[PDB]
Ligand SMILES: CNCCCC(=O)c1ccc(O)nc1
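Single chain ahead, written as structure tokens, the form solved without this ligand.
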């Protein structure tokens, strides 16, 4: 029996388990799958033999993500610039300019005004308090409605919505304005920052850091799926699918929010949390790697397409590349290759689609979602409390970060807090 059991071996679980270990605690890490890293998942390309790709999250920015930066520096993990954008192929109408910031002068005054409004609203958010605790209900409405009130002209309107579709992984009518504003706040109150944070990637894949961290964790069980967490007794009992139980003074739940509903908690989690946990968050982000021929290097496309964004990912050969598209799984079916072709050709009529690669995070029973994004109305009801302890059970992960939700940095941040909580218990 253990000082702490950590459930889930994503970056959150990994940090917590490592850090508690180095604090001299006796720790066990239980991972349901056959790998560590969770929604950070580097692996071989399905389309291009020998080519490593990121099929989950990977993009980082050292300045927005200091914990991550610290980890990289700690283990000497090399990073590289994200693919540069040099050729612009937007679908934003005839008045758009083909650069990274495609807003024409005729829209400048509109954009000035909207910048003030957006930032004013974002500045309503204290990142420490929780989105439920700040009288922010009026902002927790469908993004399309919020944006309609901004009355933006066509280029800026669609540019904003496209990036929002990318970043939230929800269509505009499902996304919450408040959450959009949360992301703005998270990036030191910057709209620009949200997209500029696509700055660097792992030179050798995210697995590089995963492996470095795991090497400092002495006891790990893979293929071990937690089904119950019971703290009715003096010591927490953790039940497992096909397995003897394990026991600890403290348990850290570092599994994805949308999977908590599959664990039996005893006693039941506090009532305020229960509805959101049952329903799950609304994240439907879909990241598709597209093997192509006939694409020049350095392409970026933003527009009104079913792929809001489509852009350069990596060189494969002189003639071939990977692009990456973002959309959502509600709106798009990646098993329909005809649909993929149409989506690509809309932006890039000269380009041949050779194949695609993605992971269906939503269908994955260890995840039941990509990155976090609330349904409208969820997080102005309950948010901070999702990441707060219930007795000896802690809750960590990107999904519950107040500071950087939906990012690796939020995984690290939340772990820190739990580790500290436990050490001072």
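Positions refer to the first chain, counted from 1.
Below, we turn to the form solved in complex with this ligand, even though it does not appear here.
> With the partner left out here, check for me: in the entry with it bound, does some heavy atom of residue 85 sit within 4.5 Å of this ligand?
Contact with this ligand, yes.
> Is residue 163 a contact residue for this ligand in the entry with it bound, using a 4.5 Å heavy atom cut-off?
Contact with this ligand, yes.
> Closest heavy atom of residue 264 to this ligand in the entry with it bound, within 4.5 Å or not?
Although this ligand is absent here, residue 264 would stay clear of it in the entry with it bound, with no heavy atoms inside 4.5 Å.
> Could you confirm whether residue 132 comes within 4.5 Å of this ligand in the entry with it bound, counting heavy atoms only?
Residue 132 lies outside the contact set for this ligand.
> Heavy atoms, 4.5 Å, this ligand in the entry with it bound: which of 335-343, 266-274, 348-356, 193-201 makes the cut? Say which one.
Of the options, only 193-201 has residues within 4.5 Å of the partner.
> Looking at 121, 300, 140, 71, which has any heavy atom no more than 4.5 Å from this ligand in the entry with it bound?
Here the answer is residue option 300.
> Heavy atom within 4.5 Å of this ligand in the entry with it bound: which residues of 389-414 meet that condition, in order?
Residues within 4.5 Å: none.
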